[PDB]
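> Give the three-dimensional model of this entry:
(chains A, B, C and D)
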Amino acid sequence: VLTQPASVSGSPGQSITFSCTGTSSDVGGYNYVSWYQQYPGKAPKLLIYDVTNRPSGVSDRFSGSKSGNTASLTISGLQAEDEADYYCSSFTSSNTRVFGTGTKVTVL
Amino acid sequence: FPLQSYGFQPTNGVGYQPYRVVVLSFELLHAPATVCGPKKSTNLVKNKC
Amino acid sequence: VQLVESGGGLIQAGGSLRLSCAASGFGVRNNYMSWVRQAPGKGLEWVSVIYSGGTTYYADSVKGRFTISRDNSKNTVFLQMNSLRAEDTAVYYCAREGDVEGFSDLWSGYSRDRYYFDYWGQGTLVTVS
Amino acid sequence: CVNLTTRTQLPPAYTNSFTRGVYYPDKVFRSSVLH
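Numbers count the residues shown, from 1 in each chain, chains lettered A, B, ... in the order given. See below for the structure:
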C-alpha cells in the first residue's frame, strides 16, 4: 500500500508537489503507473495514464512523475473546482494492484 | 487472452453496422463438376454440328 | 459508454448476493473487467478482475472466496458473493479497463496490458450488517 | 474399455515396400498419356 500525504489547504496559482512512497516491486522496477481524480459520490475519472501521457478532456497543467520508489505529482495552477483527492495506481505488482491513501486538497 | 469480441449498436454507424458476408469461394478446375446452374435440358443430338 | 450495476443490499452476516454489471457500448470481452471496492473515505482496494477469458486473479486478503464469471449471452459480469467478512464492506465498482486504442492515444498499438482504468458505472454499495 | 497388456514386446520389423502405394491423383480420365 503506497502512502500519500494527508489533507492540506492552499492558494490558487502556484505549484504543489505531492510525493508518494512505494516498494521496489511495483514502482521502482515497473513503469505502468496511472493517476485518477474523483468527486465524492461520482466514479473516478482518468487524469494521467502512464503519468507522462495525458488523456483528453483534462487541463494540461496536471503533470506527474516517478523517482525510484517514489511517485511525484507536479500540479500547476490550482483553481476552485480542483479540490478532489488524487489517487495513484502503479503496476499490478505481480498481478495484485495497489493504490495510495489519498490527498484531500483544500482552498480558501 | 486473444478473443476480445466486437461491439455494435443499432445506430453504431454505417461502418460499425455488420455487413453479413458470405464468402462464396469457387474452384472451377478442382474435380468433376457436381453443382450446376438452372438451365432447361434439351434432347441429345448425335452426328451433327 | 454506459455501465449499469445491481445486486447490493442489506443482509445479515454470512449471507449471499449476486453482483450484476451490464455494459452498453462494449462487452465483458472488449476490455478487462475488474472489480474494485471503494471503502467510504478510504482508498479503492482492488478485489478481483476477470479478463477477456479465464482468470482467477484475486487480492491477497480475499483469496479463496470470490468467484468471477460472465454470461456473455446477456453481456453480464457476475461476482457471486459467499462467506462475507468485515473488510468487504465498501462501494463496489465494476471497472472497465482501458480498451484497445485508449482514447486514440498515438503510441499504443494493440497492447491491451495498459493497466489503467476507463470510465465506470455509478457503483454499488455492498454492506455487511 | 479395457487396456490389454498380455502382448509380446518386440521391436518393429521392416520390409521393402517395392512399387506399392501409388493412387489416382484426381478424379479425371486420361489415357495413353504420361502425366
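
> May I ask you to confirm that residue C:37 belongs to a strand?
Yes: residue assignment for residue C:37, taken from DSSP: H, G, I helix; E, B strand; the rest coil, places it within a strand.

> Counting neighbours, what do you get for the closest residue to it other than its chain neighbours?
Take residue C:37 and drop its neighbours on the chain: the residue closest to it by C-beta to C-beta, 6 or more residues apart in numbering or on different chains is residue C:90, 3.6 Å away. Every C-beta, even on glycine, is put in place using the N, C-alpha and C of the backbone. The burial count assigned to residue C:90 is 21, neighbours taken as other C-beta atoms under 10 Å in any protein chain shown.

> Contact partners for residue C:90?
C:37-40, C:42, C:45, C:126 (C-beta atoms under 8 Å, 6 or more residues apart in numbering or on different chains).

> most surrounded residue in those?
Going by other C-beta under 10 Å, residue C:37 tops these with 23 neighbours.

> I'd like to know how far that one sits from chain A.
In this view, residue C:37 and chain A are 11 Å apart by C-beta to the nearest C-beta, to the nearest Å.

> isn't that residue right next to residue C:126, touching?
Yes: judged on C-beta atoms under 8 Å, residue C:37 makes contact with residue C:126 at a distance of 7.5 Å.

> which neighbours do those two share?
C:88, C:90-92.

> so of those, which ones are in strands?
C:90-92 (DSSP state E).

> Name whatever forms a beta bridge with the residue nearest to residue C:37.
Counting by DSSP bridges, residue C:90 is bridged to residue C:126.

> before we move on, the earlier item: TSV please, covering the shared contacts of residue C:37 and residue C:126 and showing distance to residue C:22.
Formatted as TSV, the shared contacts of residue C:37 and residue C:126 follow (distance: C-beta to C-beta, whole Å):
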residue	distance to residue C:22
C:88	22
C:90	21
C:91	18
C:92	15
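
> End to end on stretch C:3-15, go ahead and measure it.
The straight-line separation of the ends of stretch C:3-15 (C-alpha to C-alpha, to the nearest Å) is 26 Å.

> is chain B contacted by that stretch?
No: Stretch C:3-15 lies apart from chain B when judged by C-beta under 8 Å from any C-beta of the partner chain; the minimum separation is 13.4 Å.

> Buried residues, that stretch. List them.
By 16 or more other C-beta atoms under 10 Å in any protein chain shown, the buried positions in stretch C:3-15 come out as C:3, C:5, C:7-8.

> ok so, going back, how about the shared contacts of residue C:37 and residue C:126, which pair is most distant?
Across the shared contacts of residue C:37 and residue C:126, the longest distance by C-beta to C-beta is 11.2 Å; it joins C:88 and C:91.

> what touches both of these two?
Contacts common to residue C:88 and residue C:91, judged by C-beta under 8 Å, 6+ apart, are C:37, C:126.

> Just to check, residue B:17 is in contact with residue B:8?
Yes: Residue B:17 is within contact range of residue B:8, at 7.2 Å (criterion: C-beta under 8 Å).

> what about the spatially closest residue to residue A:9 that is not a sequence neighbour, neighbour count?
Excluding the flanking residues, the one nearest residue A:9 by C-beta to C-beta, 6+ apart is residue A:106, at 3.8 Å. Neighbour count of residue A:106, defined by other C-beta under 10 Å: 9.
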